[PDB]
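As provided, work32.cif (mmCIF, C-alpha atoms) reads as follows.
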data_run
#
loop_
_atom_site.label_atom_id
_atom_site.label_comp_id
_atom_site.auth_asym_id
_atom_site.auth_seq_id
_atom_site.Cartn_x
_atom_site.Cartn_y
_atom_site.Cartn_z
CA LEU A 8 -13.63 12.82 -21.30
CA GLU A 9 -11.44 11.55 -18.45
CA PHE A 10 -12.50 9.22 -15.63
CA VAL A 11 -10.16 7.48 -13.19
CA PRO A 12 -11.13 5.51 -10.06
CA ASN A 13 -10.13 5.85 -6.45
CA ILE A 14 -10.59 3.08 -3.93
CA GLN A 15 -12.68 3.20 -0.77
CA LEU A 16 -13.35 0.79 2.10
CA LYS A 17 -17.06 1.48 2.49
CA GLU A 18 -19.44 -0.91 4.25
CA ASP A 19 -17.61 -3.15 6.63
CA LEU A 20 -19.75 -5.79 8.35
CA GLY A 21 -19.80 -9.32 9.70
CA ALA A 22 -16.89 -11.45 10.84
CA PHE A 23 -14.39 -10.47 8.16
CA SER A 24 -16.65 -9.38 5.33
CA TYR A 25 -16.28 -6.10 3.48
CA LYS A 26 -17.48 -4.22 0.39
CA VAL A 27 -14.68 -2.33 -1.33
CA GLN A 28 -15.51 0.28 -3.97
CA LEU A 29 -13.93 2.10 -6.92
CA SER A 30 -15.95 5.20 -7.53
CA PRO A 31 -15.62 6.44 -11.16
CA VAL A 32 -14.98 4.09 -14.10
CA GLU A 33 -14.95 4.29 -17.88
CA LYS A 34 -18.52 3.14 -18.72
CA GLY A 35 -17.75 -0.33 -20.01
CA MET A 36 -14.48 -1.21 -18.35
CA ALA A 37 -16.22 -2.00 -15.07
CA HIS A 38 -17.02 -5.60 -15.92
CA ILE A 39 -13.39 -6.17 -16.85
CA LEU A 40 -11.98 -4.95 -13.57
CA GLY A 41 -14.54 -7.03 -11.73
CA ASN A 42 -13.62 -10.35 -13.32
CA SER A 43 -9.88 -9.67 -13.19
CA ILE A 44 -10.04 -8.73 -9.51
CA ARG A 45 -12.04 -11.84 -8.70
CA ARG A 46 -9.87 -14.37 -10.48
CA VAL A 47 -6.49 -13.00 -9.50
CA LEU A 48 -7.76 -12.54 -5.94
CA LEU A 49 -8.73 -16.20 -5.85
CA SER A 50 -5.52 -17.73 -7.16
CA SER A 51 -2.25 -15.93 -6.40
CA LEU A 52 -2.39 -14.07 -3.07
CA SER A 53 0.22 -15.55 -0.76
CA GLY A 54 0.16 -15.89 3.01
CA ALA A 55 1.75 -18.05 5.67
CA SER A 56 0.83 -21.35 7.26
CA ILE A 57 2.16 -24.25 9.27
CA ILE A 58 3.93 -26.86 7.15
CA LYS A 59 5.80 -29.23 9.50
CA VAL A 60 5.38 -30.17 13.15
CA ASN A 61 7.22 -32.22 15.77
CA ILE A 62 5.40 -33.40 18.87
CA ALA A 63 7.25 -34.39 22.02
CA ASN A 64 6.94 -38.15 22.64
CA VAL A 65 5.69 -39.21 19.22
CA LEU A 66 7.13 -41.03 16.25
CA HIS A 67 4.43 -40.98 13.57
CA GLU A 68 0.94 -39.74 12.83
CA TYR A 69 -0.93 -42.92 13.76
CA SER A 70 -0.13 -42.88 17.44
CA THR A 71 -1.61 -41.82 20.75
CA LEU A 72 -0.44 -39.93 23.80
CA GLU A 73 -1.65 -40.49 27.34
CA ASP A 74 -4.50 -38.57 29.00
CA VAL A 75 -5.45 -36.95 25.69
CA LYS A 76 -8.98 -37.26 24.37
CA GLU A 77 -7.56 -36.37 20.96
CA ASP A 78 -5.48 -38.46 18.56
CA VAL A 79 -2.33 -37.50 16.69
CA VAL A 80 -3.94 -37.20 13.27
CA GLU A 81 -6.92 -35.34 14.71
CA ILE A 82 -4.38 -32.95 16.21
CA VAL A 83 -2.64 -32.52 12.88
CA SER A 84 -6.00 -31.71 11.33
CA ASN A 85 -6.75 -29.16 14.05
CA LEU A 86 -3.45 -27.44 13.38
CA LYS A 87 -4.26 -26.87 9.72
CA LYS A 88 -7.12 -24.52 10.63
CA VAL A 89 -5.05 -21.82 12.35
CA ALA A 90 -4.95 -18.33 10.84
CA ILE A 91 -1.41 -16.94 11.06
CA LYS A 92 -0.27 -13.44 10.10
CA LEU A 93 3.36 -12.71 9.25
CA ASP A 94 5.09 -9.38 8.72
CA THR A 95 6.99 -8.12 5.68
CA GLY A 96 10.29 -9.94 5.52
CA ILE A 97 10.14 -12.98 7.79
CA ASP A 98 9.51 -15.73 5.24
CA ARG A 99 10.50 -18.49 7.69
CA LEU A 100 10.81 -18.98 11.45
CA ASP A 101 9.84 -21.33 14.27
CA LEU A 102 6.96 -21.49 16.73
CA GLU A 103 7.04 -23.13 20.13
CA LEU A 104 4.47 -24.53 22.52
CA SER A 105 5.03 -26.08 25.95
CA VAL A 106 2.27 -26.36 28.53
CA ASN A 107 1.47 -28.17 31.77
CA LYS A 108 -2.26 -27.52 32.16
CA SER A 109 -5.27 -29.82 32.55
CA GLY A 110 -7.93 -28.42 30.23
CA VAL A 111 -8.23 -27.44 26.57
CA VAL A 112 -5.04 -26.38 24.80
CA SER A 113 -6.14 -23.50 22.60
CA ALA A 114 -3.90 -21.93 19.99
CA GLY A 115 -3.54 -18.78 22.06
CA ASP A 116 -0.99 -20.71 24.11
CA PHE A 117 1.59 -20.48 21.35
CA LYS A 118 4.64 -18.53 22.47
CA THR A 119 4.17 -14.81 21.84
CA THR A 120 7.46 -14.29 20.06
CA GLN A 121 8.04 -11.34 17.74
CA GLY A 122 6.86 -11.09 14.15
CA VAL A 123 4.22 -13.80 14.44
CA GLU A 124 0.47 -13.47 14.86
CA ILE A 125 -2.26 -15.94 15.84
CA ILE A 126 -5.69 -14.66 14.85
CA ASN A 127 -7.70 -17.84 15.44
CA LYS A 128 -7.41 -17.64 19.22
CA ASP A 129 -10.45 -19.83 19.91
CA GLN A 130 -9.35 -22.88 17.95
CA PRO A 131 -8.54 -25.89 20.16
CA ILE A 132 -5.36 -27.79 19.41
CA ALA A 133 -5.88 -30.63 21.89
CA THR A 134 -7.80 -31.50 25.04
CA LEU A 135 -5.89 -32.77 28.06
CA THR A 136 -8.13 -34.92 30.23
CA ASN A 137 -5.57 -34.86 33.04
CA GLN A 138 -2.67 -32.58 33.89
CA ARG A 139 0.54 -33.46 32.06
CA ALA A 140 3.36 -32.04 30.00
CA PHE A 141 2.88 -31.26 26.33
CA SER A 142 5.18 -29.63 23.81
CA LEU A 143 5.87 -29.28 20.10
CA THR A 144 7.06 -26.92 17.39
CA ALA A 145 5.77 -25.93 13.96
CA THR A 146 7.70 -24.20 11.19
CA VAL A 147 5.61 -21.36 9.79
CA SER A 148 6.42 -20.39 6.22
CA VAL A 149 5.22 -18.01 3.58
CA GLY A 150 3.77 -19.55 0.46
CA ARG A 151 1.10 -19.59 -2.19
CA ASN A 152 -1.09 -22.33 -3.59
CA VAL A 153 0.04 -24.02 -6.79
CA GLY A 154 -2.21 -27.05 -7.27
CA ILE A 155 -2.19 -30.59 -5.92
CA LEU A 156 0.50 -31.59 -8.44
CA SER A 157 3.39 -29.11 -8.45
CA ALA A 158 4.02 -29.20 -4.70
CA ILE A 159 7.33 -30.39 -3.26
CA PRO A 160 7.08 -32.77 -0.28
CA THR A 161 8.90 -30.40 2.12
CA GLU A 162 11.89 -32.52 3.17
CA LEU A 163 12.07 -33.78 6.75
CA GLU A 164 15.25 -34.01 8.81
CA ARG A 165 14.72 -35.11 12.41
CA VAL A 166 13.04 -38.26 13.69
CA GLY A 167 9.62 -37.10 14.84
CA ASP A 168 9.00 -34.70 11.96
CA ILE A 169 5.52 -34.94 10.44
CA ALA A 170 4.69 -33.11 7.22
CA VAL A 171 1.53 -30.99 7.29
CA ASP A 172 -0.02 -29.83 4.04
CA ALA A 173 -0.73 -26.14 3.91
CA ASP A 174 -3.46 -24.02 2.32
CA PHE A 175 -1.93 -20.59 1.85
CA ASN A 176 -4.25 -18.21 -0.02
CA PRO A 177 -6.29 -16.31 2.61
CA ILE A 178 -9.35 -15.52 0.45
CA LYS A 179 -12.63 -17.38 0.93
CA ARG A 180 -15.19 -15.61 -1.25
CA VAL A 181 -15.28 -12.93 -3.94
CA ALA A 182 -18.21 -11.48 -5.86
CA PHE A 183 -18.73 -8.25 -7.74
CA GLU A 184 -21.55 -6.07 -9.03
CA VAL A 185 -21.51 -3.06 -11.34
CA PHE A 186 -23.72 0.02 -10.92
CA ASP A 187 -24.45 2.74 -13.48
CA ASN A 188 -24.23 6.44 -12.62
CA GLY A 189 -24.58 8.14 -16.01
CA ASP A 190 -21.61 8.24 -18.39
CA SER A 191 -19.89 6.58 -15.41
CA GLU A 192 -20.19 3.50 -13.23
CA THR A 193 -19.05 2.31 -9.82
CA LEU A 194 -17.62 -1.10 -8.95
CA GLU A 195 -18.72 -2.78 -5.73
CA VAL A 196 -16.60 -5.79 -4.78
CA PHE A 197 -17.37 -8.17 -1.93
CA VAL A 198 -14.42 -9.76 -0.17
CA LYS A 199 -14.27 -12.22 2.71
CA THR A 200 -11.00 -13.41 4.20
CA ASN A 201 -9.73 -15.12 7.33
CA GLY A 202 -8.61 -11.81 8.80
CA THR A 203 -4.92 -12.23 7.93
CA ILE A 204 -4.83 -9.17 5.65
CA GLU A 205 -6.64 -5.98 5.20
CA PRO A 206 -9.10 -5.60 2.32
CA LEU A 207 -7.76 -2.41 0.77
CA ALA A 208 -4.23 -3.77 0.78
CA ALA A 209 -5.59 -6.98 -0.73
CA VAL A 210 -7.39 -5.50 -3.72
CA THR A 211 -4.53 -3.11 -4.35
CA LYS A 212 -2.15 -6.06 -4.40
CA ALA A 213 -4.34 -7.97 -6.84
CA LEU A 214 -4.55 -5.06 -9.26
CA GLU A 215 -0.79 -4.62 -8.99
CA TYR A 216 -0.29 -8.25 -10.02
CA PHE A 217 -2.81 -7.95 -12.84
CA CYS A 218 -1.36 -4.82 -14.42
CA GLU A 219 2.11 -6.28 -13.98
CA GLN A 220 0.96 -9.19 -16.10
CA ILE A 221 -0.66 -6.92 -18.69
CA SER A 222 2.39 -4.70 -19.07
CA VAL A 223 3.87 -6.91 -21.78
CA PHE A 224 1.19 -6.10 -24.35
CA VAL A 225 2.14 -2.43 -24.23
CA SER A 226 5.48 -3.45 -25.75
CA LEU A 227 4.96 -6.53 -27.93
CA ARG A 228 8.55 -7.39 -27.07
CA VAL A 229 9.96 -10.26 -25.02
CA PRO A 230 10.66 -8.58 -21.63
CA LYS B 1046 2.69 -63.39 27.03
CA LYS B 1047 5.20 -66.21 27.57
CA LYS B 1048 2.94 -69.32 27.37
CA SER B 1049 3.64 -69.32 23.63
CA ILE B 1050 6.00 -71.80 22.00
CA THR B 1051 8.98 -69.59 22.98
CA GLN B 1052 8.66 -68.10 19.48
CA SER B 1053 4.86 -67.37 19.50
CA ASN B 1054 3.90 -70.28 17.21
CA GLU B 1055 4.49 -73.87 16.19
CA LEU B 1056 6.46 -72.20 13.35
CA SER B 1057 5.36 -74.86 10.79
CA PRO B 1058 8.66 -76.77 11.05
CA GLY B 1059 11.42 -75.69 8.68
CA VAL B 1060 11.24 -71.98 9.49
CA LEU B 1061 13.89 -70.20 11.52
CA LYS B 1062 12.62 -66.64 11.91
CA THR B 1063 9.89 -64.45 10.47
CA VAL B 1064 8.97 -60.79 10.71
CA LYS B 1065 5.81 -58.81 9.99
CA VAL B 1066 5.97 -55.24 8.71
CA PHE B 1067 3.08 -52.76 8.78
CA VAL B 1068 2.98 -49.79 6.41
CA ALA B 1069 0.27 -47.13 6.16
CA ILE B 1070 -0.34 -44.46 3.55
CA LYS B 1071 -2.93 -41.77 2.98
CA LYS B 1072 -4.47 -41.60 -0.47
CA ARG B 1073 -6.28 -38.69 -2.07
CA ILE B 1074 -8.75 -38.82 -4.91
CA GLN B 1075 -7.40 -38.12 -8.39
CA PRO B 1076 -8.50 -38.27 -12.04
CA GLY B 1077 -9.47 -41.87 -12.52
CA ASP B 1078 -11.15 -42.85 -9.27
CA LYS B 1079 -14.80 -43.83 -9.16
CA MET B 1080 -17.52 -41.98 -7.28
CA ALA B 1081 -21.18 -42.87 -7.01
CA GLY B 1082 -24.14 -41.40 -5.21
CA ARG B 1083 -26.59 -43.60 -3.43
CA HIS B 1084 -29.09 -43.48 -6.30
CA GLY B 1085 -27.33 -45.81 -8.68
CA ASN B 1086 -25.48 -43.08 -10.58
CA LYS B 1087 -21.73 -43.41 -10.95
CA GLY B 1088 -18.80 -42.14 -12.95
CA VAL B 1089 -15.06 -41.61 -13.12
CA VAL B 1090 -13.49 -38.37 -11.91
CA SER B 1091 -12.34 -36.73 -15.11
CA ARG B 1092 -10.52 -33.57 -14.06
CA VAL B 1093 -9.93 -31.17 -11.19
CA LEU B 1094 -10.53 -27.57 -11.78
CA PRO B 1095 -9.04 -24.60 -9.96
CA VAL B 1096 -11.31 -22.92 -7.43
CA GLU B 1097 -11.99 -19.85 -9.54
#
Can you give me the file's structure in the form of structure tokens?
Amino acid sequence: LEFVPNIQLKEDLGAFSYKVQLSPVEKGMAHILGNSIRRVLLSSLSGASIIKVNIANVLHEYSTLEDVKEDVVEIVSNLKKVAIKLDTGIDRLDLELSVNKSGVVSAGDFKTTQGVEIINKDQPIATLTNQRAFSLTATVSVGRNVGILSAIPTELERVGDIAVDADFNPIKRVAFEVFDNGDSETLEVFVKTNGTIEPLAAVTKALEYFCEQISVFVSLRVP
Amino acid sequence: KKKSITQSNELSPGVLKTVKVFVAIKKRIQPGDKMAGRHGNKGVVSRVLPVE
């Protein structure tokens, strides 16, 4: 009378879709692990994103550069949809971008400094109708979502600074299903992310958080 | 651009100087605003629930 699960990355597919699995379970506890995984995976996982940007010859968001089919606010909206991957202990740094081309400024043209990563290499940032200079920065920061209310407005210092709101959590869909195997079951969790993390690491992290939160009820003491 | 009255208006005599200021602000929807589909149904946004 002893069952304990191990985790397996079976059935990859699609853009960034996966189907992680935990093979043996306790015949009844499956539907607990499923719900806990889902909810904690949808609310607390932290990533990194752009939060503040400064363009070269601009003063505010409702403006317009020359020879650019785009606008400033359209550009700021483009920037929000970039998928950035940061390493273990960076937690804040700066990105740079300076170009003198005459086409479409994709996000691949960010400076390939250390630590950073730019997964969404196809995403346009701006379209230059004619050849010209173009430059900016963007402070990338770790973070997690907290709700539209308890968010600090991210103080600005320089003149051209322009706050950019940031959606951190890299998870887009979760769904589980539980299968019976006879005195035992197997859990089959779907995950889909932006590609900024690996699935196995993700689910392991979520269960770590969850058990960390449970570990008070083993004591019935304060902390 | 200079065929004005040297101050851009007749100034409605008695007025020395005036200035116009233009301020812009984004606004997001919040508990209390009023939505309505095209079919005559309407209501007031009552809460905002977390994704999960």
Closest to residue 1090 of chain B among B:1065, B:1051, B:1056, B:1074, using all atoms listed in the file?
B:1074
For residue 1070 of chain B: contacts at 12 Å, all atoms listed in the file, fewer than 5 positions along chain excluded, given as an MDAnalysis selection string
chainID A and resid 67:69
Go ahead and write the selection's residues with C-alpha atoms as a PDB file, in the coordinates of the input.
ATOM      1  CA  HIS A  67       4.430 -40.980  13.570  1.00  0.00           C
ATOM      2  CA  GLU A  68       0.940 -39.740  12.830  1.00  0.00           C
ATOM      3  CA  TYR A  69      -0.930 -42.920  13.760  1.00  0.00           C
TER       4      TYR A  69
END
Starting from the displayed file, determine the output of the PyMOL selection byres ((chain A and resi 10) around 8) and express the residue list as a ChimeraX atom specification.
/A:8-9,11-12,31-33,191
Using only C-alpha atoms, I'd like every residue of chain B that has an atom within 8 Å of chain A; please write them out as a JSON list (two decimals) with C-alpha atoms, in the frame of the given file.
[["chain", "number", "residue", "atom", "x", "y", "z"],
["B", 1095, "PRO", "CA", -9.04, -24.60, -9.96],
["B", 1096, "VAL", "CA", -11.31, -22.92, -7.43],
["B", 1097, "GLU", "CA", -11.99, -19.85, -9.54]]
Selection result for the PyMOL selection byres ((chain B and resi 1093) around 8) on this file, as a list in words
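When the PyMOL selection byres ((chain B and resi 1093) around 8) is applied, the selected residues are residues 1075, 1076, 1091, 1092, 1094 and 1095 of chain B.
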Could you list the residues chosen by the PyMOL selection byres ((chain A and resi 25) around 9) in this structure as a ChimeraX atom specification?
/A:16-21,23-24,26-27,196-199,206
Listing only residues of segment 128-192 of chain A within 10 Å of segment 84-105 of chain A, what is the closest atom pair and its distance in Å (to one decimal) for each, using all atoms listed in the file, sorted by chain and residue number ascending, as JSON lines?
{"residue": "A:128", "atom": "CA", "partner": "A:89", "partner_atom": "CA", "distance": 8.4}
{"residue": "A:129", "atom": "CA", "partner": "A:89", "partner_atom": "CA", "distance": 9.5}
{"residue": "A:130", "atom": "CA", "partner": "A:89", "partner_atom": "CA", "distance": 7.1}
{"residue": "A:131", "atom": "CA", "partner": "A:85", "partner_atom": "CA", "distance": 7.2}
{"residue": "A:132", "atom": "CA", "partner": "A:85", "partner_atom": "CA", "distance": 5.7}
{"residue": "A:133", "atom": "CA", "partner": "A:85", "partner_atom": "CA", "distance": 8.0}
{"residue": "A:140", "atom": "CA", "partner": "A:105", "partner_atom": "CA", "distance": 7.4}
{"residue": "A:141", "atom": "CA", "partner": "A:105", "partner_atom": "CA", "distance": 5.6}
{"residue": "A:142", "atom": "CA", "partner": "A:105", "partner_atom": "CA", "distance": 4.1}
{"residue": "A:143", "atom": "CA", "partner": "A:104", "partner_atom": "CA", "distance": 5.5}
{"residue": "A:144", "atom": "CA", "partner": "A:103", "partner_atom": "CA", "distance": 4.7}
{"residue": "A:145", "atom": "CA", "partner": "A:102", "partner_atom": "CA", "distance": 5.4}
{"residue": "A:146", "atom": "CA", "partner": "A:101", "partner_atom": "CA", "distance": 4.7}
{"residue": "A:147", "atom": "CA", "partner": "A:100", "partner_atom": "CA", "distance": 6.0}
{"residue": "A:148", "atom": "CA", "partner": "A:99", "partner_atom": "CA", "distance": 4.7}
{"residue": "A:149", "atom": "CA", "partner": "A:98", "partner_atom": "CA", "distance": 5.1}
{"residue": "A:150", "atom": "CA", "partner": "A:98", "partner_atom": "CA", "distance": 8.4}
{"residue": "A:171", "atom": "CA", "partner": "A:87", "partner_atom": "CA", "distance": 7.5}
{"residue": "A:172", "atom": "CA", "partner": "A:87", "partner_atom": "CA", "distance": 7.7}
{"residue": "A:173", "atom": "CA", "partner": "A:87", "partner_atom": "CA", "distance": 6.8}
{"residue": "A:174", "atom": "CA", "partner": "A:87", "partner_atom": "CA", "distance": 8.0}
{"residue": "A:175", "atom": "CA", "partner": "A:90", "partner_atom": "CA", "distance": 9.7}
{"residue": "A:177", "atom": "CA", "partner": "A:90", "partner_atom": "CA", "distance": 8.6}
Figure out the distance between atom CA of residue 51 of chain A and atom CA of residue 213 of chain A, please, to one decimal in Å.
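A separation of 8.2 Å between them.
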Step by step, gather every atom of segment 1072-1076 of chain B that the file lists, find the box along x, y and z that holds them, add 4 Å on each side, and finally give centre and edge lengths in Å to one decimal, as JSON.
{"center_x": -6.6, "center_y": -39.9, "center_z": -6.3, "size_x": 12.3, "size_y": 11.5, "size_z": 19.6}
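By all atoms listed in the file, and with residues fewer than 3 positions from segment 34-37 of chain A along its chain excluded, the set lying at most 8 Å from it is residues 40, 41, 185, 187, 190, 191, 192, 193 and 194 of chain A.
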Please dump the current selection as a CSV table (one decimal), in the frame of the given file; keep C-alpha atoms.
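Wrote out.csv, looks like this:
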chain,number,residue,atom,x,y,z
A,40,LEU,CA,-12.0,-5.0,-13.6
A,41,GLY,CA,-14.5,-7.0,-11.7
A,185,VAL,CA,-21.5,-3.1,-11.3
A,187,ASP,CA,-24.4,2.7,-13.5
A,190,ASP,CA,-21.6,8.2,-18.4
A,191,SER,CA,-19.9,6.6,-15.4
A,192,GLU,CA,-20.2,3.5,-13.2
A,193,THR,CA,-19.0,2.3,-9.8
A,194,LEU,CA,-17.6,-1.1,-9.0
Please measure the separation of atom CA of residue 125 of chain A and atom CA of residue 108 of chain A, giving the value in Å to one decimal.
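Going from atom CA of residue 125 of chain A over to atom CA of residue 108 of chain A covers 20.0 Å.
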Residues near residue 1052 of chain B, anyone? I mean within 12 Å using only C-alpha atoms, not counting same-chain ones fewer than 5 positions away, as a ChimeraX atom specification.
/B:1046-1047,1057,1060-1064
Of the candidates A:82, A:52, A:29, A:57, which shows the shortest atom-to-atom distance to residue 112 of chain A, using only C-alpha atoms?
A:82
Pairwise distance for atom CA of residue 166 of chain A and atom CA of residue 65 of chain A, rounded to one decimal in Å
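It comes out at 9.2 Å.
Checking A:121, A:70, A:109, A:176 one by one against residue 136 of chain A, counting all atoms listed in the file, you find the shortest gap at A:109.
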